[PDB]
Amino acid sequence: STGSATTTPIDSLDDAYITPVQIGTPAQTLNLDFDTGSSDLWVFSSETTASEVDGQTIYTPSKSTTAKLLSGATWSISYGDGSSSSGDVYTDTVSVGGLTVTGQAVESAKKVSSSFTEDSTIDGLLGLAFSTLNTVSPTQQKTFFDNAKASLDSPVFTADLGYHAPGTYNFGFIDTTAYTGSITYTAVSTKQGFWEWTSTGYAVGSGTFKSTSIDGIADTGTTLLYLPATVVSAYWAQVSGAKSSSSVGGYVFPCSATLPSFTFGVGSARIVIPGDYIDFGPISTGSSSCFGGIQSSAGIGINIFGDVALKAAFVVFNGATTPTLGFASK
């Protein structure tokens, strides 16, 4: 089997991407944030505290003839931005882009934190990291991908995120028309439950490439590119007036600037992020200070190749017995 679904930016800055997902019978379609940095599929629901729902589409398990309470199971998750959610669990039929999994754990939110409530466009998350991070207790549950894997033509999914445009998540096949050149594959460590890999270095603009190992994670659920302070300082040093602002919470730059590109290494290959991808707009409405899309990972504890980096590539998440990651230009 295979699946193919379009993913669409939620706003003009590509802060996140939503992908429609069919849950239950008859189908209830919710727009989920596909997240290769976590492993829970959770949704706003009829059980979510009413004051914590503001415009989201909800899953109502009582209206699904295939929903079943997973007795005794609860879940609770906290994300890197300090956001959180928790609730109970149903099993139900879940389909993405024509690919159907029966008996998928659908984690129904009873509570969500304010940042979730405030984002009316995101109806929940669909985790695509390794199932070892799944938070369901007392019986850990499998991700949609892990459940689908055996049925897929090939045990892979791909992320093809657009810049200010829709893109695609494919399951079970590699669309050879979706990228240019060849895909370069690189080793993955699953020891922390993430799609963790080692970049071979970087360049800033037209500068020379610096060969240096940068361990990090391929994370579709993180907006920005978080890298060591040395790397990030070398980038922003090439932008007149750029500075790190503790009050704003990162590097900012004059909105009048034209940003340089940033290149990262994948083996002997190179992925170029155009400068425009690194512009996240005014820090507040009408401001002439703009927020940078490359930020320091110091204090996070891990480097994160988030959407800013991933949307510059066609990315293969290869879930074979020994997982690997593939990157191509596009």
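We number the residues from 1 along the sequence you see. Think of the rigid core as the biggest set of C-alphas that the two forms share within 1.5 Å after superposition.
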Larger mean CA deviation from the shown form in 9 other deposited structures of this protein [core fit; 278-286 vs 32-40]: 278-286
Mean C-alpha B-factor comparison - 78-86 and 119-127, higher one: 78-86
Average Cα temperature factor in the PDB entry - higher stretch of 68-76, 232-240: 68-76
Criterion, highest CA B-factor; candidates, 204, 152, 252, 159: 152
Criterion, highest CA B-factor; candidates, 222, 95, 134, 190: 190
Where the record places residue 293 (Cα B-factor, split into thirds across the chain): lowest
Chain thirds of CA B-factor: placement of residue 7: lowest
B-factor third for the C-alpha atom of residue 275 within its chain: middle
Relative C-alpha B-factor of residue 173, binned into the chain's lowest, middle or highest third: middle
Ranked against its chain, the third holding the CA B-factor of residue 180: highest
